[PDB]
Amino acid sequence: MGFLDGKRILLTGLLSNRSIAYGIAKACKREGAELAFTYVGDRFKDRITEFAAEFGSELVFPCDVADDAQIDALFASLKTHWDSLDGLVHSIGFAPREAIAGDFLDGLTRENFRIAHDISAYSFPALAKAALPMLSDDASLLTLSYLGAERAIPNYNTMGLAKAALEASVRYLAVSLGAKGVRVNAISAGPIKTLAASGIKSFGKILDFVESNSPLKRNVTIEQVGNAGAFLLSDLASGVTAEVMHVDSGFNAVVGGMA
């Protein structure tokens, strides 16, 4: 009797029990959804299979979003298991290391730009288009963004451009798919404290700053992002589309650091 009972949801981007996708998966499973997962490379098949089993699922599929052949095969494969798809979680992003460090121009190249936008922005509407023939009429598609799309954040650089494109794709997708009934939204998530992420020194300084300056004086967790994601994927949110919802302890709404 959870608020996602019977909904069939495909999640990308599950790499560990610290992934945002893992938090979303937990909340969706808690609320009654049936889950399926994608992975990148045969070397990760066994590990994603273990995660799927944790969520009562045997449905895992390769999908390197850099490759048309894998996008164009993903939903043909899923269709042999599920007549229709109710939810899609796009939790994927990448840019070369030099493009998200230091000076924006020093780290700028055409290939760095191309890759960042290809993986981090194009892949969301690309997956939506490949899924369309088996989407339920009231399906819900969800992607993940970050405040660096809206305002300049140190080091975020080329990923900020790609996330702005991603957030625009939410709006154009919502129009394209909305007459059928499909909703499309993003969560603009705050930084997440994990063991490895805190080791990244510049990222830890952001965490500390958000902790000191966000309205709630605390960083968000994957359970809080996961719950917001489960809401947007559900019929509870049937009035909500083309929205970029901040789940960031309110950080986006202030000018911090001046008190």
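The numbering used is simple: start at 1 and walk along the sequence shown.
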### Message
When the Cα temperature factors in the entry are averaged, is it 1-9 or 250-258 that ends up higher?
### Response
1-9
### Task
Could you settle it for me: does 229-237 or 191-199 have the higher average Cα B factor in the PDB entry?
191-199
### Task
From the list 214, 221, 38, 70, select the residue with the highest C-alpha B factor recorded in the entry.
221
### Query
C-alpha B factor of residue 81, ranked within the chain: lowest, middle or highest third?
highest
### Message
Please place residue 245 in the lowest, middle or highest third of its chain according to the CA B-factor in the PDB entry.
### Response
lowest
### Query
residue 63: which third of its chain by C-alpha temperature factor?
lowest
### Task
Comparing against every modelled residue in the chain, figure out the third that the C-alpha B-factor of residue 179 lands in (lowest, middle or highest).
highest
### Task
Going by the recorded CA B-factors, say which third of the chain residue 102 sits in, lowest, middle or highest.
middle
